[PDB]
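Engineer: need a 3D model of the following:
(chains A, B, C and D)
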Amino acid sequence: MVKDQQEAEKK
Amino acid sequence: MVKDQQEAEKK
Amino acid sequence: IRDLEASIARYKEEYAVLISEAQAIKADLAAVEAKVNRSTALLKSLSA
Amino acid sequence: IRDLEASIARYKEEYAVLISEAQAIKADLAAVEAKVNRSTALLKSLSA
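Structural biologist: Numbering: from 1, shown residues only, chains lettered A, B, ... in the order given. You can find the structure just below:
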């Protein structure tokens, strides 16, 4: 979930 | 919780 | 950011508690529904 | 984004099921701990 949230924030 | 995790990832 | 992480963790355990009482009431609902079905079949036979 | 959201929602569902069986395990462990303390006192007296 942390990785997915970071990816969503980046993109 | 998903919204707050996304906010933490953005900031 | 530390405060945000702390709030995330705290609300994580309160969410765990909420789902725990959710499973408790799920078990209660299942028992009540099984009892109601049993009593309804009994009521059908005794009406007959 | 759509695939990520769908995978996240599937993770929410399976994680809720995992939480459900997790506090099922936790309630079982609490009940076992209480009954084992009671049975340990009972069996120590019964052996003495």
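
Engineer: can you list the residues of chain C near chain B?
Structural biologist: C:1, C:4-5, C:7-8, C:11-12, C:15 (CB under 8 Å from any CB of the partner chain). C-beta coordinates here come from the backbone N, C-alpha and C atoms, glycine included.

Engineer: check contacts around residue C:8.
Structural biologist: Contacts for residue C:8 were tallied using CB atoms under 8 Å, 6 or more residues apart in numbering or on different chains; they are B:1, B:4-5, B:8.

Engineer: backbone dihedrals for it, please?
Structural biologist: The phi/psi pair for residue C:8 (degrees, to the nearest 10) reads phi -60, psi -50.

Engineer: contacting residues around the residue of chain C found nearest chain D?
Structural biologist: Going by CB to the nearest CB, chain D is nearest to residue C:20 of chain C, at 3.9 Å. With contact taken as CB under 8 Å, 6+ apart, residue C:20 is in contact with D:23, D:26-27.

Engineer: kindly recompute the last result at 7 Å.
Structural biologist: Shown in contact with residue C:20 (CB atoms under 7 Å, 6 or more residues apart in numbering or on different chains): residue D:23.

Engineer: that one: which element?
Structural biologist: For residue C:20, the element it lies in under DSSP states H and E is helix C:2-47.

Engineer: quick one: the helices in chain A?
Structural biologist: Ranges of helices within chain A are A:2-10, based on DSSP state H.

Engineer: what parts of it come near chain D?
Structural biologist: Within reach of chain D by CB under 7 Å from any CB of the partner chain, chain A has these residues: A:4, A:8.

Engineer: could you do chain C as well?
Structural biologist: So chain C meets chain D at C:16, C:19-20, C:23 (CB under 7 Å from any CB).

Engineer: how does it look with 10 Å?
Structural biologist: Residues of chain C lying near chain D by CB under 10 Å from any CB of the partner chain: C:15-24, C:26-27.
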